[PDB]
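Chemist: Residues 3 to 169 (the deposited numbering) are what the sequence shown spells out, left to right.
Structure below; questions to follow.
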Amino acid sequence: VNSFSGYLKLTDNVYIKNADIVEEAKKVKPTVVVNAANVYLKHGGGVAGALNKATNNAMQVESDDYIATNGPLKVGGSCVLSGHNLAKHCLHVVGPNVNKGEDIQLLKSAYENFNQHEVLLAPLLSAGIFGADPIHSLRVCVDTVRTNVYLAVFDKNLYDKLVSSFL
Ligand SMILES: Cc1ccc(O)c(C(=O)O)c1
């Protein structure tokens, strides 16, 4: 049993809810929250900007030190950093950004990072301002992630479309 409430079960391991991932993290304090990161861990907008704002910029301060030591992530890659006030850990995952011309085939590699964690609270990778089709992102999630993933979809209209269209 876990603390996640009000999710619709899509598969054996994938759950979905219309929720603000920031508000959801604050309530649940999950072991792992996933950030929709970029390779520079520059948390300006979308999920990264909202998560980072909720940490009072501590996520950005930690991230800048990580990049100064390690250099940029790979598209499709990840790193584990603090979850600050939102979670034990934040798994920063880089999905391909279609609005920068990145190979959408890298979305499966991105979701494979989730399999290193038994339970996660996550957004749909490469959705929102990363420009991918969220229906596609949910299909790759279901077909790639084998651990237990709780998906927070920000947009109510999109949430209803994802559920209604799910195969
Ligand atoms: C907080 C937040 C901001 C932008 C977004 O696109 C999402 C999401 O896709 O789930 C969430």
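We put the CB at the ideal spot given by N, CA and C, even for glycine.
1) Using the DSSP secondary-structure output, state which residues sit across from residue 91 in a beta bridge.
2) For ligand 1, is there any heavy atom lying closer than 7 Å to the beta carbon of residue 156?
3) Who are the near neighbours of residue 115 in its chain, counting only those whose CB is closer than 6 Å to its CB and skipping five residues on each side?
4) Return the CA-CA distance between residue 6 and residue 16, expressed in angstroms with no decimal places.
5) Between residue 84 and residue 160, what straight-line distance do the alpha-carbon atoms span, to the nearest angstrom?
6) Tell me the DSSP secondary structure of residue 100 in three-state form.
7) Could you spell out where the beta strand (DSSP E) holding residue 9 opens and where it closes?
8) Is the closest heavy atom of ligand 1 to the C-beta of residue 137 under 7 Å?
9) Going by beta-carbon coordinates alone, are residue 123 and residue 39 separated by less than 8 Å?
10) Under 8 Å: do the region 102 to 111 and the region 43 to 51 share three or more Cβ pairs, one atom per stretch?
11) At what residues does the alpha helix (DSSP H) containing residue 42 begin and finish?
12) State the CB to CB distance for the pair residue 142 and residue 93, rounded to an integer number of angstroms; the pair is presumed to be in contact (CB under 8 Å).
13) Going straight from the alpha carbon of residue 155 to that of residue 72, what length do you get?
14) Could you tell me the distance, in whole angstroms, from the CA atom of residue 138 to the CA atom of residue 70?
15) Taking the straight line between their C-alpha atoms, what separation do you get for residue 87 and residue 51?
16) Quick check on the DSSP output: the alpha helix (DSSP H) that includes residue 1 runs from which residue to which?
Modeler: Put simply:
1) By one-based count along the sequence shown, residue 91 stands at place 89. According to DSSP, residue 91 bridges with 34, 84.
2) Within the sequence shown, the letter at position 154 stands for residue 156. Under cutoff, so the answer is yes.
3) Within the sequence shown, numbered from 1, the residue matching residue 115 stands at position 113. Excluding positions up to five away in sequence, the list reads 80, 95.
4) Taking the sequence shown and counting its residues from 1, one reaches residue 6 at position 4. Taking the sequence shown and counting its residues from 1, one reaches residue 16 at position 14. If I take the Cα positions, the gap works out to 12 Å.
5) Start at 1 with the first residue of the sequence shown, and residue 84 comes out as number 82. Start at 1 with the first residue of the sequence shown, and residue 160 comes out as number 158. For residue 84 and residue 160, the distance between alpha carbons rounds to 30 Å.
6) Taking the first residue of the sequence shown as position 1, residue 100 is located at position 98. Here residue 100 sits in helix by DSSP.
7) The residue given as residue 9 occupies position 7 in the sequence shown. Run containing residue 9: none; DSSP gives neither H nor E here.
8) Here residue 137 corresponds to residue number 135 of the sequence shown, with the count starting at 1. Checking every heavy atom of ligand 1 against the Cβ of residue 137, none is found closer than 7 Å.
9) Sequence index remark: in the sequence shown, residue 123 carries index 121 (1-based). Sequence index remark: in the sequence shown, residue 39 carries index 37 (1-based). Their beta carbons are not under 8 Å apart, which means residue 123 does not touch residue 39 by this criterion.
10) no
11) In the sequence shown, the residue the question calls residue 42 occupies position 40. Neither: residue 42 is in no alpha helix (DSSP H) and is coded neither H nor E.
12) Position 140 of the sequence shown, counted from the first residue, corresponds to residue 142. Position 91 of the sequence shown, counted from the first residue, corresponds to residue 93. Not quite, the Cβ-Cβ distance comes to about 17 Å (not below 8 Å), so this is no contact.
13) For the purposes of this step, residue 155 is identified with residue 153 of the sequence shown, where counting begins at 1. For the purposes of this step, residue 72 is identified with residue 70 of the sequence shown, where counting begins at 1. Distance between the alpha carbons of residue 155 and residue 72 is about 31 Å.
14) As a first step, residue 138 must be located in the sequence shown, where it is residue number 136. As a first step, residue 70 must be located in the sequence shown, where it is residue number 68. Their backbone Cα atoms lie some 34 Å apart in a straight line.
15) As a first step, residue 87 must be located in the sequence shown, where it is residue number 85. As a first step, residue 51 must be located in the sequence shown, where it is residue number 49. Whole-angstrom Cα-Cα distance: 15 Å.
16) The structure shown does not extend to residue 1, since the chain is modelled only from 3 through 169, so no value can be given for it.
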